Structure formats: C-alpha cells, structure tokens
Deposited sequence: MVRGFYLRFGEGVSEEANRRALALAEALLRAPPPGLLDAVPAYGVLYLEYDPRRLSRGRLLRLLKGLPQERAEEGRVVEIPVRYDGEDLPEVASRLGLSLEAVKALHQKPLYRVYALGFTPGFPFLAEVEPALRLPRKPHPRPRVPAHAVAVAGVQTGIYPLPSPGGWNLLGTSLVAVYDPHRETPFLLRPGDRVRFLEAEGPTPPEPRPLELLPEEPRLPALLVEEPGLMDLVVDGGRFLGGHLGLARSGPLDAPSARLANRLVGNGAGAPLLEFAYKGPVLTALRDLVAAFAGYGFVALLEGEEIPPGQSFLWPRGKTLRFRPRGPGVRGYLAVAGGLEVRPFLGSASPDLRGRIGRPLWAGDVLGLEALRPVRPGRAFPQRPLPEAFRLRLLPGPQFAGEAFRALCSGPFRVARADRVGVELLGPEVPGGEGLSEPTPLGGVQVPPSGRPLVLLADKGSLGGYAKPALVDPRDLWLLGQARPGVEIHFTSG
C-alpha cells in the first residue's frame, strides 16, 4: 500500500514558497526515514508519499515540523539559438531575432520544478518582453535538448517528447544522461544562466541496460518475447523529484505472492508480462512460481494455474496460454533474478530509457542459489469482470467532478503502465501549474477523458485531480484492459 499528501507554501511561481518546499524536501532526501517513498517539490508545493506499515501519517508530519526552514549553485547552459520558433517568437512579440536571444540570456533563472520527463527543468523568470503563450497546439515530438519558452517559464527538453512550448534553440550540454556518473545536470533549486554558444549538438541519451550481459548463475533463455516483458522489483523510490517514475509491478500483490511462493523477499526482481507472455527455456533446474491473472502456465504439456510454485527442469520450455479474466502475470524464480540497479532499483523507467522489455536471445540469471521445495500454493482473490473502484478526494477536489465520476458506468478506452483512460459521463476538469502526480490520481483535463495514473506515470502534471482511486483498489487497474466496465463509489 501507498498513501500520500500535499503541503503548499504559496500559489503561482513564487520564490519564497518554492524555497520553503525545497527546504523540507532537501532535508528529507538527505536523511529519509524508512517508509518515505518520495518527497517531490514543484513551485510552492511539496508532495510526500509513504508506506503506512513502516511510517505512520502522524510520525511523518512530526518530522516535518522538526526539520529547519532554511536551505543548506549557478549552472551555465550553452545554447545555440537555432530554434525553429525563433523567427515566429520574434515577429509575434515585435522583437528582432537578436533581442529575443539577448532577452532569453538576461535573467538569472531558478529551477522551480524538475522532471516532467526525467531531468527536465522548469525555470523562471523569463523577461516580460519575451513572455508568449505556449502554441495553440502541441508538437507531437520536440527534439532532444530543445531550449524553449512559455509565459514566464523556460525549459530544456532532455529527451524527445510532446510539447507546445516555443523553441528558441539547442542546449549544447545534455541535462540528462543515465550513463553519466551525475545523470542529472540540474537539481531542484539550482540557478541557471543561458549563454549563446556554438559546439556539437549533444547526442540523444542511449538506453541504460539493467540486466547483466554475463550473469553469474544463468537460469533462463528467452526464446520469444511477449508484448512487453519487464524485469521489475518493488520499484524506484525517492526519485520523483528528478522525474523518475515509481515503476515496479502494476499488480503489486500478485508480484509479492509470486516471490513469496519461492521463498524470496516480496520485492526480489521478477518478470512481469501482459496480454502475450514470453516463451522461456530453463538453463538449469529451477523452482518458479506464477501469480497474477490473464494466463495459465504451460510446462511439459501440463497446465499450471496462477498462485503456485513448480519444479522447472533444465531444458524444458515454459509458456503462458492466455485465459481471462485479467491480462498481467508474474514469474518469480527461487533466489530472484540478478540485476544491475540504477538509483536503488532494477525496475525500468522506459520514459527515461532506463531498462527495456525482454528480447529474443536474452539470458537471465539467479541472484543467488536459494533452493526451496516446489508445490506451494495460496488462493488468489477473485478478479471480477467489472471493477468497483472506491474514490477519495483529490488535491483539486470538486463536488461536481466527484458526482460525475460516481454517476454511471465508465469503460476502459486504453490501459497501460502509465495509466487507464476512461470513456463515460463527462467529468469537469482543469489545468494549472504542474504539481507532483499522486499514485492512483484521477486526472481530468479541461476537455478530454479522465486518466487514472499508475506506476509509470510522469512525476509532474498540470491537469486537475479531483479524485484519487483508493490504494486498496489500485491492483485492479494493473489488470485493466480496453472494454472493461468501471464503476466509481464514494
């Protein structure tokens, strides 16, 4: 289970409010108590997420009062001003090309938020004469290293992503590179000066491998991948302030069952798959467990329902036959899978190009030899055909939104690890400054469909969250697929 809450020190783009939020975040991150999952500052907002079992709401709040209200750096960014919108920005604002460039360089900027995508800074304040809205319609792809402005803010796109900000140039330094000893050039609270320069365009950051090329205990060979097979652990914690998603298993209880059935710790690395599973061959005798939904395991002609462990002899090929309800299954192996963690976790952050899905020819290994007796089983709770999701008030609570959400059935339009898009009764939404995304938040834009945010959600978002899915019902959304009916209750 995961819970969270928001502290706010003032509205809008305010230096004092941000200073306060940052003082607490930095003190927490410097010495995080067990049970703290995240401490994310953005503008005057601080979002804390915690595990109730290890850290009570009351105990966390008392720590925050004990911490000091004061903080305990100026980064130069070379920019080539070759942005595609440079002429348009100039003409629209009645400025020359050179005035735009000089105006962009004048301020000493401050980082008010970081991580819309990993390492992506939102900086302020842009000079009054250079303030222009974002484009009426966003580009589907802004290139890596684009330096851009919108209103009082300027930003650097660390990787290619959608965006409607006005592109003025190209950063000649990469703000995010996961292969680098210091992957994030900028931190919350940093100060920034842009300067016109020329030099090589930084390459796009390359994906970071988390699986060893030569495992110490080779265990299985991927004959054929499923749709998206991911090696996950319990998740990546204390990285939302950098834009790193929580990740981990989308149906956590199922992953925990799989691990426990083979005598592993709940968050030992294991395989998650969905819709179509992989075809795997054992390279040594293994004890494995399959949990979750959407499949029956197939081994040596025999079918294996989810919720039990089994002997997996060397040379034998395991498969997964689709069988509703559900879509997402978990394969654990006794000893866990060997992984090379990044910032405390072996879970993938596909947005950040940390990790990747399995490929044909991949070899996975055991972390250690920990033999356990096969044939353990535990009854899985039933997975209903239609979901009933309990709602809690969200940070942008509105009575009308809440009523709309509980007014009648919705249907899943789209579902993945980032979130679940809903089609159903109209729900009023909103947009403002980005604030940190809460796990299970029901995001509703001014016009558009509600999106329930899951483990691979971006760290920051501007759209209103009038409701949160009860943490006890989050596992159901890890088993969602298009067409599934959903009812919300309060």
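S.K.: Identify which parts of the deposited sequence carry no C-alpha coordinates, going from the N-terminal end onward.
M.R.: In sequence order, the gaps with no modelled C-alpha are 73-75, 494.
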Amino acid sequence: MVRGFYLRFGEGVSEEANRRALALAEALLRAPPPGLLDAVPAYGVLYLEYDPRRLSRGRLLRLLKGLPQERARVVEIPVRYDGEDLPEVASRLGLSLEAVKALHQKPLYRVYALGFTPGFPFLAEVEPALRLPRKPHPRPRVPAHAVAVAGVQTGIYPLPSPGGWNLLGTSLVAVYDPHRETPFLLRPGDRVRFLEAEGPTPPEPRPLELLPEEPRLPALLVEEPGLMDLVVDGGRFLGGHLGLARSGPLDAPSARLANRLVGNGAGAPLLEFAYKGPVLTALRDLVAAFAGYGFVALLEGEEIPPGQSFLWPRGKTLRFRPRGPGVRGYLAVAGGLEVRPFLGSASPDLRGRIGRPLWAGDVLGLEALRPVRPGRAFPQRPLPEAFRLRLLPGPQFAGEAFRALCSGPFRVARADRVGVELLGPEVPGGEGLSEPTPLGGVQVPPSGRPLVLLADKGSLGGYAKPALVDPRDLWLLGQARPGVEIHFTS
From here on, numbers count along this sequence of modelled residues.
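S.K.: Would you mind comparing 244-252 and 384-392 for me and telling me which has the higher average C-alpha temperature factor in the entry?
M.R.: Between 244-252 and 384-392, it is 384-392.
S.K.: Which is higher on average in the deposited entry, the C-alpha temperature factors of 477-485 or of 5-13?
M.R.: Higher mean C-alpha B-factor in the PDB entry: 5-13.
S.K.: Among the candidates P133, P158, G189, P269, give the one with the maximum CA B-factor reported in the record.
M.R.: That would be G189, according to the entry.
S.K.: Could you check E300, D416, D85, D229 and tell me which one carries the biggest Cα B-factor in the deposited entry?
M.R.: Highest C-alpha B-factor among the listed options: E300.
S.K.: Determine, from the deposited record, the chain-internal third of the Cα B-factor for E70: lowest, middle or highest.
M.R.: Highest third.
S.K.: Relative to the other modelled residues of the same chain, rank the CA B-factor of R141 and answer lowest, middle or highest third.
M.R.: CA B-factor rank for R141: highest third.
S.K.: What third of its chain, lowest, middle or highest, does the C-alpha temperature factor of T201 fall into?
M.R.: It falls in the middle third of the chain.
S.K.: Comparing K457 with the other modelled residues of its chain, is its CA B-factor in the lowest, middle or highest third?
M.R.: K457: CA B-factor falls in the lowest third of its chain.
S.K.: Considering only modelled residues of the same chain, in which third does the CA B-factor of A174 rank: lowest, middle or highest?
M.R.: Lowest third of the chain for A174's C-alpha B-factor.
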